[PDB]
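Each remark here refers to the structure printed beneath this line.
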Amino acid sequence: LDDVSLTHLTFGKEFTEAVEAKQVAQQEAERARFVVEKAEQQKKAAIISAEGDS
Amino acid sequence: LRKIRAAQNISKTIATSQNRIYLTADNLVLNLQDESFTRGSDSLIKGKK
């Protein structure tokens, strides 16, 4: 055997449902990521500003 | 100076207050009309010979 690969783990209805579900979860999770990052950035900016004023 | 910076920001928020009321529209009145007549001021009686 040259190669063995699993192709289309399904059913077909399942293709879409599964991908869709994961997609939504991913979007929300990543947005949460943005939130965390943004919070860190703001914290950082605050530190630097204080230093700068200093 | 971090204190100064913070003080500046806080002062900005506290001090600054403004109110604005704005309403505008383009008034472009275009009228096409004529002073026509639909009345009987007085009836003069005339005749042709």
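Chain A is numbered as in Swiss-Prot; shown residues: 165-218, in order.
The backbone N, Cα and C atoms fix where each Cβ goes, and this holds for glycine too.
What Swiss-Prot lists as coiled coil is A:177-211.
In three-state terms derived from DSSP, A:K186 (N6-acetyllysine) belongs to a helical segment. Annotation comment: Swiss-Prot describes A:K186 (among others) as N6-acetyllysine.
The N6-acetyllysine annotation in Swiss-Prot covers A:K202 (among others). Neighbours of A:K202 (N6-acetyllysine), defined as other CB atoms within 10 A of its CB across all chains, total 10.
Taken from Swiss-Prot, the feature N6-succinyllysine applies to A:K202. Secondary structure at A:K202 (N6-acetyllysine), as computed by DSSP, is helix.
Remark: A:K186 (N6-acetyllysine) has no non-local neighbours by Cβ distance under 8 Å and separation of at least 6 in sequence.
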